[PDB]
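One structure is given here, and the rest of the page talks about it.
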Amino acid sequence: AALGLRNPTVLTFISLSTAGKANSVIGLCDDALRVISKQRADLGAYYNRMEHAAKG
Amino acid sequence: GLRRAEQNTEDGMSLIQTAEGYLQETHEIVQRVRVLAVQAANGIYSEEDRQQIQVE
């Protein structure tokens, strides 16, 4: 639901059973990757900071 | 007094020793900013990519 691949209210996920629908799933999965990449950026960001703090 | 004033100097250098110990990591992090600034100033990154650098 959070990544946009599911509706938080309707509770229906993306489907590929249509040629027209599949063209619109490429765009959604791109922004799905952006959120996952953004979250991993922060986890990596804290971990480097936590690494420095332990050394000090 | 000579024996005492030496111990005051004995821990006098200890105070300076610990003060420099904290500044060691402070120097390390600003270098970590320095290397990332080199990567960020390129001409191939997008706003989504450059903001992940800003995250750290």
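Every read-out reported here was derived from the displayed coordinates using simple, explicitly stated rules and does not represent laboratory data. Positions of Cβ are backbone-derived with ideal geometry, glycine not excepted, and every protein chain shown enters the neighbour counts.
What percentages, rounded to whole numbers, describe P(r) for chain B computed over all alpha carbon pairs with 5 Å bin width beginning at zero?
Going out from 0 Å in 5 Å bins, chain B shows 5, 15, 15, 11, 9, 8, 8, 7, 6, 5, 5, 4, 2, 1 percent.
Could you give the dipole magnitude of the protein assembly as shown about its Cα centre, charging the beta-carbon of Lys and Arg +1 and that of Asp and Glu -1, in debye to the nearest 20? Intermediate results must be reported in sequence, preceding the final value.
Values: 12 positive and 14 negative charges, 81 e Å.
With only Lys, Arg, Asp and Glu charged at Cβ, the dipole is about 400 debye.
Remind me, what semi-axes does chain A give for its equivalent ellipsoid, largest first in whole Å, using sqrt of 5 times each Cα gyration tensor eigenvalue? Walk me through the intermediate numbers first.
Details: eigenvalues 264, 29, 6 Å².
Working through the eigenvalues yields semi-axes of 36, 12, 5 Å.
Suppose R0 equals 41 Å. What FRET efficiency, 1/(1 + (r/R0)^6) with r the Cβ-Cβ distance, do residue B:20 and residue B:42 give to the nearest 0.05? Before the final figure, lay out the partial values.
Numbers: r = 35 Å, r/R0 = 0.86.
Working from the Cβ atoms, E equals 0.70.
With labels modelled as points extended 7 Å from the Cα through the Cβ direction, what inter-label distance (nm, one decimal) is found for residue A:37 paired with residue A:13?
Each label point is offset 7 Å from its Cα along the Cβ direction, giving 2.3 nm.
Which of the listed residues, A:39, B:8, A:8, is farthest toward the dipole's positive end in the protein assembly as shown, when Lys, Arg count +1 and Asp, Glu count -1 at the beta-carbon?
Selected residue: A:8.
Run the dipole for chain A about the Cα centre, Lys and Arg Cβ at +1, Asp and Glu Cβ at -1, nothing else charged, and hand back the magnitude in debye, nearest 20.
Using Cβ point charges on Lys, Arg, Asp and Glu, chain A gives about 80 debye.
Residue A:6 versus residue B:7, label points 7 Å from Cα toward the beta carbon: distance in nm?
So the label points at residue A:6 and residue B:7 sit 6.9 nm apart.
Can you compute the helix-only [θ] at 222 nm over chain A? Use -39500 (n - 2.57) per DSSP H run of at least 4 residues, normalise by all residues, nearest 500 deg cm²/dmol. Mind showing how you got there, number by number?
Working: 1 runs with 37 residues, N = 56.
Calculated mean residue ellipticity at 222 nm is -24500 deg cm²/dmol.
Return the sequence-ordered ³J(HN,Hα) values of region A:46-53 in whole Hz as given by the Karplus equation 6.51 cos²θ - 1.76 cosθ + 1.60 applied to θ = phi - 60°, using x for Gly and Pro.
These are the phi-based 3J(HN,Hα) values: 5, 4, 5, 5, 5, 5, 5, 5 Hz.
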